[PDB]
Structure formats: structure tokens, C-alpha cells
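See structure below.
Using ideal geometry, Cβ is built from the backbone for each residue, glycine included, and neighbour counts are taken over all protein chains shown. We did not get these values from a lab; they are worked out from the coordinates using the rules stated.
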Amino acid sequence: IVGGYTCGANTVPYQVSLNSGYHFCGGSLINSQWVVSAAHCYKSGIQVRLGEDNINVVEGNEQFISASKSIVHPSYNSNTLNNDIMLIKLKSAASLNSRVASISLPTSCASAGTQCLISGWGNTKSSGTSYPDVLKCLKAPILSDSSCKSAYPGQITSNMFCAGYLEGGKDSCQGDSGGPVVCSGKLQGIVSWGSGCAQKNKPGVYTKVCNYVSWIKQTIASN
Ligand SMILES: NC(=[NH2+])c1ccc2[nH]c(-c3ccccc3O)nc2c1
Ligand SMILES: [Ca+2]
Ligand SMILES: [Mg+2]
């Protein structure tokens with residue numbers, strides 16, 4: 001996250017870190033047994049780490065649980081990143097408490113202009129590399145589809161939306177993929193892609209979760 005701030009320990013209690021010997025993507029806890037992340041974060045051998053603040057220090061509020069199964073969206077296209085969403089089931093149910101909580105799925109899609117909270121342990125430099133060990137947060141509004149499509153011609157589908165600032169300076173970045181975009185208390189997006197980080201007229205692109213609620217609900221109930 002570039003141009004964001006330190007969230008605070010366990011202030012984003014639904015945030016998860018996917019680890020395969022190291023942190024490689026974020027995710028969101030939607031209930032005690034399931035996590036939603038981005039399909040491009042798919043790997044075999046994932047351990048989900050809940051209640052994390054610093055990812056390099058065991059501070060006492062963590063739960064490390066291995067995944068029993070991963071389900072990438074049936075229509076995920078790795079070339080365009082259309083339908084960039086996946087579900088991960090935990091081998092054991094997480095214990096929810098103040099530091100580990102689930103986020104609610106939306107009942108409708110949010111409007112352009114709505115402010116959301118984006119979080120993750122990704123790169124914090126637009127031109128450079130600096131990976132933080134504590135969770136970073138960013139409040140950013142959903143942009144109009146017209147500004148999103150003008151920035152990325154022929155690349156935005158109805159399952160994507162842009163959030164951020166066209167001036168640049170603030171954006172999600174590599175290491176943040178699969179993480180949450182929460183607006184009005186609902187999980188409305190998943191960090192998917194962008195062009196570099198925090199560049200002018202190149203906002204971040206997020207998977208539009210409101211279009212997948214029926215698939216998520218149906219899939220977790222059958223697995
Ligand atoms: N600028 C952005 N809004 C952004 C967000 C997440 C990203 N994740 C990545 C990424 C790059 C290489 C491999 C995996 C990634 O998730 N680039 C990203 C760019
Ligand atoms: Ca830790
Ligand atoms: Mg994240």
C-alpha cells in the first residue's frame with residue numbers, strides 16, 4: 001500500500017495473510033471456515049495466518065491454519081484477470097474473537113464515490129521497494145466506471161471496478177493482491193491488478209464481489 005498509514009494491531013480483524021513459507025497475498029475471512037482471495041494468488045500448499053499485525057513477529061494473537069482446499073472461479077481468465085476470485089477452506093475452524101472476525105458479503109453493489117478501506121502488507125513505494133512488516137491501510141473512493149475504462153481501454157469488464165486517486169500517490173501495490181476493499185461494512189472488492197503503483201491516471205482495479213455472492217454462498221455450502 002503506497003501513501004497509506006499503519007492500521008494499528010488487529011483493527012482490520014478480517015484481514016488474512018496467505019503464506020507458503022513467506023507472505024505472498026492477502027485474503028478476507030468470510031466465516032470461521034472460509035477465506036476469499038484472488039485467483040491469481042492460487043498456489044498449492046497455503047497456510048492462512050489470522051490475527052496478524054507484524055508478519056515477522058508472533059505477537060500472541062495469531063492463528064496459523066492450513067488450507068484443506070482451494071477453489072478458483074470456474075471462469076477465471078489469467079490473461080485478462082477477469083473473474084479474479086478464489087475460495088480457500090480452512091482445515092480447522094478459526095476461533096473468532098476481537099482480533100479475528102469475519103466480514104459480511106454485500107447485498108448490493110456500492111456506488112461510485114463510496115469510500116472504502118483497503119489493507120495489506122504489500123510494497124509501500126511507487127518507484128522503489130519497501131515491504132512493511134505491519135499492516136497498512138488506505139481509504140479510497142470507488143471511481144466512476146468511465147474514469148476506470150479511460151485509464152485501461154478494452155481491459156475492464158463488468159466484474160471489475162477501480163478505486164483510488166487519478167492524481168496518483170495512493171494505491172494498493174504488489175504484495176497486497178487478494179486483500180479486502182471494505183465499503184460501508186461490506187466486502188465489495190478484492191485487490192486484483194493495476195499499472196505499477198500510485199501512478200497518475202492509473203488507479204487500482206478490484207474484483208467486484210457483489211457479482212459473485214450467489215457463487216460464493218453456493219460453493220461454500222456444497223464444500
Ligand atoms: N497497482 C496496483 N493497484 C496493484 C495491486 C496489486 C498488485 N499485485 C501485483 C502483482 C504483481 C506481480 C505478481 C503478483 C501480483 O499480485 N501488482 C499489483 C498492482
Ligand atoms: Ca505476527
Ligand atoms: Mg491485502
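A few notes on this one:
- Global form of segment 70-134, assessed from the alpha-carbon gyration tensor, a/c cut-off 1.5: rounded
- Part-to-part distance (alpha-carbon centres) for segment 85-120 and segment 124-194, which is given in Å: 16 Å
- With a Förster radius of 41 Å applied to the beta-carbon distance between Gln47 and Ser111, the computed FRET efficiency rounds to 0.65.
- Net charge of neighbours whose Cβ lies under 15 Å from the Cβ of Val48, counting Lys and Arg as +1 and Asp and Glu as -1: +4
- The Cβ shell under 12 Å around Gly8 holds other residues with a net charge of +1, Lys and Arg each +1, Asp and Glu each -1.
- Normalised contact order of segment 93-223, rounded percent, pairs of Cα under 8 Å and 6 or more residues apart: 27 percent
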